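Shown below, as structure tokens, is a lone chain in the form deposited in one PDB entry; questions about how it binds or moves come after it.
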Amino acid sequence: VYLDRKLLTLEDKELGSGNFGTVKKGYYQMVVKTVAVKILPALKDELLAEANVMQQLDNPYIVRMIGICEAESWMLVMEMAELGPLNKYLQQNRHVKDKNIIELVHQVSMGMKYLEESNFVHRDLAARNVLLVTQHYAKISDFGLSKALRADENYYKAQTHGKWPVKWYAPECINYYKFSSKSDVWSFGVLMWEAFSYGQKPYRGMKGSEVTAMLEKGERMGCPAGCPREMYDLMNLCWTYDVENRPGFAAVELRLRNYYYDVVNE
């Protein structure tokens, strides 16, 4: 968990950015391991809570944390996903096949099912935060807003409105500041829409308040060009307004699993 600055080599190749600072490529002497390194009072605590979350997670479809390091700045060292964010990948690879997209989103649902079973809420589940190891292997990243649910609660209640990916959030998150695995299922439906639309932003041209209003009229994003009906149906089921009737990830993962090898068989 605590790592040696001596065994880390940072390259000059930036992989990400944000309010936190920067994400750079690097090498860690184990064989050496190629790593993505998140480099940074508020920030440090957020970084440490993130690391403390990833450390508890063990699944093939979640990005693994190598550990943390206090050098020049606080730094969080993760496994590298060489093909990078899913949205960018699909934007520059417009010919990826439909079967292939189904395979990737099914993988993310296997990861989220695990997260659900582990009682963690992700709270930033978007195509940008799905990283490709190869063309056929997706992992979930960015646990910076994520929460371990208390043993007696099925949701996390935020005290104030943070800096939030509002177009990926469910009505109970916007309205009640309440975040559950089911809230992540809503996010998942948007992420699926992004994937089948080859990395286009959702609710394009629209402010957060206009999205809220659209969602309130019972309106929903249209079906992406070339997107299978069964997958748009699943999207729409993820966008069930009422948290109580919206599926969980076990249900969502099974739907995808089944449809995926219907297709694989075709």
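Start at 1 with the first residue shown and count on from there.
Gaps at residue 162 occur in at least a third of the other compared entries of the protein that contain both adjacent residues. Where coordinates are absent for parts of the deposited sequence, a chain break appears; between neighbours residue 30 and residue 31 it spans 1 to 3 residues. Where coordinates are absent for parts of the deposited sequence, a chain break appears; between neighbours residue 40 and residue 41 it spans 4 to 9 residues. Two stretches are in play, 42 to 50 and 199 to 207, and the higher mean C-alpha B-factor belongs to 42 to 50. Look at the mean CA B-factor for 12 to 20 and for 242 to 250 in the entry; the higher one is 12 to 20.
Residues shown: 129, 159, 180, 146. Highest C-alpha temperature factor in the entry: 159. In the deposited entry, the Cα temperature factor of residue 74 sits in the top third of values across the chain's modelled residues. When the modelled residues of the chain are ordered by their C-alpha B factor, residue 34 lands in the lowest third.
Placement of the Cα temperature factor of residue 123 within the chain: lowest third of the modelled residues, per the deposited record. In the PDB entry, residue 100 places in the middle third of its chain by CA B-factor.
Among the modelled residues of the chain, residue 65 sits in the middle third by CA temperature factor in this PDB entry.
Unshown form solved in complex with a small molecule; subsequent notes refer to it.
Not one of 173, 219 and 240 comes within 4.5 Å of the small molecule in the entry with it bound, counting any heavy atom. Within this chain, residue 103 is remote from the site of the small molecule in the entry with it bound, having no heavy atom within 4.5 Å. Put simply, residue 142 is close to the small molecule in the entry with it bound: some heavy atom of it is within 4.5 Å.
Contact check for residue 76: a heavy atom falls within 4.5 Å of the small molecule in the entry with it bound. Contact annotation for residue 169: none of its heavy atoms lies within 4.5 Å of the small molecule in the entry with it bound. Checking 72, 98, 82, 117 against the small molecule in the entry with it bound, a heavy atom within 4.5 Å turns up for just one residue: 82. Here the chain stands alone, but in the entry with it bound its contact with the small molecule, taken as any heavy atom within 4.5 Å, falls in 60 to 68 among 60 to 68, 232 to 240, 219 to 227, 204 to 212.
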